[PDB]
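Lettering of chains follows the sequences in order, A, B, ..., and the numbering in each one begins at 1. Basis for what follows: all heavy atoms, side chains included, without hydrogens, waters or symmetry-related copies.
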Amino acid sequence: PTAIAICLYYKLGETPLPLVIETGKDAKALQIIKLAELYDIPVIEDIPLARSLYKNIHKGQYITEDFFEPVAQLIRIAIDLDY
Amino acid sequence: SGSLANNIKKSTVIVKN
């Protein structure tokens, strides 16, 4: 089996689109998820989306059109409203 | 050292399989 983790970053006014700032497979995926717990970063399991992002959007790349709406949905779930 | 942790700390959301 092969564990995958995609780390998405979006900051209004900085990133023009959501950015894959980190990825990992196997041991590095496990570590990404441990760190996500530590920093209270929302983690969503979505196996088709994870595999597709992993294949298509490399570290340091903005998401492309196929991903705009699925990633928007994750951002809406995940954003801290800060109150 | 620490680039990975700093990237995760500032992250918005993680998608996993």
Side-chain angles (χ1 to χ4, degrees):
Chain A
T2 304
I4 284 166
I6 311 300
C7 179
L8 284 157
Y9 178 57
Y10 187 61
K11 173 58 175 150
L12 203 289
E14 177 197 335
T15 55
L17 287 167
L19 182 66
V20 167
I21 58 166
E22 192 63 84
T23 67
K25 67 164 39 167
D26 295 336
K28 185 183 182 184
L30 309 192
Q31 186 180 15
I32 287 166
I33 304 164
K34 284 176 194 185
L35 291 168
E37 180 203 350
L38 176 62
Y39 300 128
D40 295 322
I41 307 304
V43 173
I44 315 306
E45 179 177 314
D46 184 326
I47 294 162
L49 183 57
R51 288 205 287 253
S52 186
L53 283 167
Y54 191 75
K55 292 175 210 164
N56 284 283
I57 310 303
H58 301 162
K59 175 165 172 178
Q61 290 190 336
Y62 295 110
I63 64 171
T64 60
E65 54 178 283
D66 294 348
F67 304 100
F68 289 168
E69 186 47 52
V71 168
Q73 298 179 313
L74 299 172
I75 294 169
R76 289 181 190 283
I77 287 165
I79 53 190
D80 196 345
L81 294 186
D82 271 297
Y83 76 92
Chain B
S1 288
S3 310
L4 197 218
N6 286 334
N7 280 338
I8 304 309
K9 181 168 175 189
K10 66 179 260 189
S11 279
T12 309
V13 63
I14 315 313
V15 198
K16 67 180 286 290
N17 73 338

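Atom CD of A/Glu37 has 12 or fewer neighbouring heavy atoms from other residues, nucleotides or ligands inside a 6.0 Å radius. The environment of CD in A/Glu65 is sparse: at most 12 heavy-atom neighbours from other residues, nucleotides or ligands sit within 6.0 Å.
Contact detail for A/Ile75 and A/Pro18: the closest heavy-atom pair is CD1-CG, 3.5 Å. Between B/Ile14 and A/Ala5 the shortest heavy-atom distance is CG2-CB, 4.2 Å. In plain terms, the two heavy atoms of A/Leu35 and B/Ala5 that are nearest each other are CD1-CA, 4.1 Å. Between A/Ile63 and A/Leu17, the shortest heavy-atom distance links the atoms O-CD1, 3.7 Å. Taking all atoms of both residues into account, the shortest heavy-atom contact from A/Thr64 to A/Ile57 is OG1-CD1, 3.6 Å.
At a threshold of 4.5 Å between side-chain heavy atoms, the hydrophobic network of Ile, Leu, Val, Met, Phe, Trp and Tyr places A/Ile41 and A/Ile77 in two separate groups. Taken together through direct or relayed side-chain contacts under 4.5 Å among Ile, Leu, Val, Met, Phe, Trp and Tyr, B/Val15 and A/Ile79 form part of one hydrophobic cluster. Placement of A/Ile4 and B/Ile8 in two distinct hydrophobic clusters is found when ILVMFWY residues are connected by side-chain heavy-atom separations under 4.5 Å, directly or transitively. Linking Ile, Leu, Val, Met, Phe, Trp and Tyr whenever their side-chain heavy atoms come within less than 4.5 Å leaves A/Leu30 and A/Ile21 in two separate clusters. Linking ILVMFWY residues whenever their side-chain heavy atoms come closer than 4.5 Å, directly or via other members, leaves A/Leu38 and A/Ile6 in distinct clusters.
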Could you give the side-chain donor-acceptor pairs of residues 42-53 of chain A under 3.5 Å, partners two or more places apart or in another chain?
from: A/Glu45; atom 1: OE1; to: B/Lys16; atom 2: NZ; distance (Å): 3.4
from: A/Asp46; atom 1: OD1; to: A/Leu49; atom 2: N; distance (Å): 3.1
from: A/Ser52; atom 1: OG; to: A/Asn56; atom 2: ND2; distance (Å): 3.4

Test log, rule side-chain contact (heavy atoms from CB on, under 4.5 Å), inputs B/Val13 and A/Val71: CA-CA 9 Å; B/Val13 63; A/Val71 168; 5.8 Å; no
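Sorted by first and then second residue, the pairs that involve residues 10-25 of chain A and meet side-chain hydrogen bond (donor to acceptor under 3.5 Å, both in side chains), not counting sequence neighbours, are A/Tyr9-A/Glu14, A/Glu22-A/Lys28, A/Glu22-A/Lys59.
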